[PDB]
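To start, the structure itself, in structure tokens.
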Ligand SMILES: O=P([O-])([O-])O[C@@H]1[C@H](O)[C@H](O)[C@@H](O)[C@H](O)[C@H]1O
Ligand SMILES: [Ca+2]
Ligand SMILES: [Ca+2]
Ligand SMILES: [Ca+2]
Ligand SMILES: [Ca+2]
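Chains as they are written, first to last, in the entry's author numbering: chain A, 1 to 25, 39 to 271; chain D, 1 to 25, 37 to 66, 72 to 270.
Right, dumping it as structure tokens:
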């Protein structure tokens, strides 16, 4: 509770500093990451921090309390739109998720969740997810994946059965879209642990389901591909449109994560 | 100003009604409600005027080009990111445009020659960009289509990133406001783009179909909108080389 409370005020303080550096006027990702790393260590010197801008690569992430932070998820959105970016924080203890935070800084909306205690949009509880079929589902997927040698071709059937397709440019906020019901599913061939660590606690708290594109479970020990959705639509995307291309997807997987 | 004022009031009042129908309940009839309300109210007050919408010589007289709800799939699935869109034309000429992001509470609007607004605030004129530093609006569905896919692949690969929001009217506005540097699709009806185009043109934006032909309200078309620079660039470096292929499609589609 002290940890949750401490973490909730940290991510809020980090948002204030982000707006300071904007109203005034990459260094900004560095600034915010250093703030969060330094603030965590000051109170908890034996916690570890897995960060994108260069904290904790080659730490056994299953040992102790681990903070997995993306200080600005959606930097292109940050640069080009001045909005639609998130601070993402996931706290794991002894390799087991405890809490997840995804803060839409410019909307001023904090999405949060404690394992077993449901998920929230600020003060509002989020509803459990209902199953959907692919043919009545909006899916999160970027156009860039569809132009890729053999992965493109595998994703085109999914795009075409899907009711429609969207792309927001923040993996953390797109996972939270699935958690809030704004998207039925979201998928990508490459994410790092800092991109999903926070969003996954929230997703799991509304009965969503996550795996990589081969159905294998996700963890913070490394990068991976991503399939997230409601359970029913996860079964359908994995079972129908991915498992038939297992061998191609395996070879792809071993090429990306080598 | 009289007509402009009428239109501004009417679209704001339509959005209010949309919400009353959400607070008490769904898309099919809400859509019908909003069409009836807008068409009926225009035709009572200006019965000489034409109203073009989903359910005529557009060079003659005053023409209202109306999408009561653009982004119906977002309406159903997200309960947000959908817009009411109204283009007004007088004697074949743009007069006014309105795109009302109902749930976000933001009316984008403009009278031709007079600037574009977000509520009461003026919008900034657009600056040029290069595709390779540009975020583009293109739906993944267009990447999967037989000859479209290969024409669009190269543009997606060179752009900094791509995005898809699911509302043509709001994606054109996103271009008008600096959020996307360009937006493109192979088909769109007059009511999807009429409002947005007026707004776009007032920030020094730039629209054509995918063959570079100018956009009119006389029928459906494909769409390329952007700041002037990256419009020139997308059309001449990436679309020009497939003119004949794009024409076959245009003729095959329209
Ligand atoms: O650089 P960054 O904005 O923190 O992170 C990126 C965002 O999540 C983006 O939407 C996704 O497409 C990329 O795969 C990520 O790398
Ligand atoms: Ca980042
Ligand atoms: Ca990221
Ligand atoms: Ca419509
Ligand atoms: Ca429409």
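Here a beta-carbon is modelled for each residue, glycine too, at the ideal position from N, C-alpha and C.
Residue i: contacting residues in chain D (beta-carbon distance under 8 Å)
| i | result |
| --- | --- |
| residue 43 of chain A | Those do not exist, as residue 43 of chain A stays about 21 Å from chain D at its closest Cβ, beyond 8 Å. |
| residue 172 of chain A | 156, 157, 159 and 160 |
| residue 243 of chain A | Result: empty, since nearest Cβ-Cβ is about 12 Å, beyond 8 Å. |
Residues that residue i contacts on chain D, provided the C-beta gap is smaller than 9 Å
| i | result |
| --- | --- |
| residue 239 of chain A | The premise fails here: residue 239 of chain A is roughly 16 Å from chain D at the closest Cβ pair, so nothing lies under 9 Å. |
| residue 181 of chain A | 179, 180 and 181 |
| residue 176 of chain A | 89 and 93 |
| residue 220 of chain A | Those within 9 Å of residue 220 of chain A in chain D number zero; the least Cβ separation is about 18 Å. |
Candidates the options: closest to residue i by CA position
| i | options | result |
| --- | --- | --- |
| residue 157 of chain A | D:255, D:168 and D:126 | D:168 |
| residue 196 of chain A | D:127, D:81 and D:97 | D:97 |
| residue 183 of chain A | A:87, A:42 and A:228 | A:87 |
| residue 131 of chain A | A:123, A:141 and A:271 | A:141 |
| residue 255 of chain D | D:235, D:224 and D:107 | D:224 |
| residue 111 of chain D | D:23, D:40 and D:74 | D:74 |
| residue 55 of chain D | D:10, D:89, D:171 and D:263 | D:10 |
| residue 113 of chain D | D:25, D:5 and D:235 | D:5 |
| residue 43 of chain D | D:100, D:215 and D:253 | D:100 |
| residue 93 of chain A | D:133, D:213 and D:143 | D:143 |
| residue 252 of chain A | A:171, A:107 and A:121 | A:171 |
| residue 8 of chain D | D:208, D:116 and D:139 | D:116 |
| residue 149 of chain A | D:90, D:60, D:119 and D:58 | D:90 |
| residue 209 of chain D | D:103, D:24, D:37 and D:179 | D:103 |
| residue 119 of chain D | D:16, D:176 and D:213 | D:16 |
| residue 206 of chain A | A:14, A:105 and A:128 | A:105 |
| residue 279 of chain A | A:57, A:259 and A:63 | Outside the displayed range of chain A (1 to 271) lies residue 279 of chain A, so it cannot be described from this structure. |
| residue 45 of chain D | D:267, D:125 and D:84 | D:84 |
| residue 194 of chain A | A:159, A:155 and A:151 | A:151 |
| residue 218 of chain D | D:155, D:139 and D:161 | D:139 |
| residue 248 of chain D | D:192, D:146 and D:153 | D:146 |
| residue 228 of chain D | D:215, D:192, D:212 and D:266 | D:266 |
| residue 64 of chain D | D:136, D:37, D:192 and D:211 | D:211 |
| residue 57 of chain A | A:3, A:269, A:12 and A:22 | A:3 |
| residue 236 of chain A | A:214, A:270 and A:262 | A:270 |
| residue 67 of chain A | A:40, A:21 and A:59 | A:40 |
| residue 72 of chain D | D:108, D:213 and D:263 | D:108 |
Heavy atom of ligand 5 within 7 Å of residue i beta-carbon
| i | result |
| --- | --- |
| residue 207 of chain A | no |
| residue 184 of chain D | yes |
Closer than 7 Å at the beta carbon, the chain D residues around residue i
| i | result |
| --- | --- |
| residue 169 of chain A | 160 |
| residue 93 of chain A | 151 |
Check: residue i C-beta below 7 Å from any heavy atom of ligand 1
| i | result |
| --- | --- |
| residue 155 of chain A | yes |
| residue 201 of chain A | yes |
| residue 204 of chain A | yes |
Interface partners of residue i on chain A, CB under 8 Å
| i | result |
| --- | --- |
| residue 154 of chain D | 156 |
Any non-hydrogen atom of ligand 2 closer than 7 Å to residue i Cβ
| i | result |
| --- | --- |
| residue 42 of chain A | yes |
Chain A contact residues for residue i, given Cβ-Cβ distances below 7 Å
| i | result |
| --- | --- |
| residue 195 of chain D | 94 |
Beta-carbon distances below 6 Å to any heavy atom of ligand 4 define the shell here; list its residues in chain order, please.
Selection output, chain order preserved: D:65, D:83, D:85, D:86 and D:88.
With three or more C-beta pairs closer than 8 Å as the rule, is the segment 191–202 of chain A touching the segment 241–254 of chain A?
Contact between the segment 241–254 of chain A and the segment 191–202 of chain A is established, with three or more Cβ pairs separated by less than 8 Å.
When you compare the segment 76–86 of chain D with the segment 47–56 of chain D, are there three or more beta-carbon pairs, one atom per stretch, that lie closer than 8 Å?
Counting Cβ pairs under 8 Å, three or more are found: they touch.
Please confirm if the segment 226–233 of chain A is in contact with the segment 179–194 of chain A, defined as three or more CB-CB distances below 8 Å between the two stretches.
Taking 8 Å as the limit for Cβ pairs, the verdict is that the segment 179–194 of chain A does not touch the segment 226–233 of chain A.
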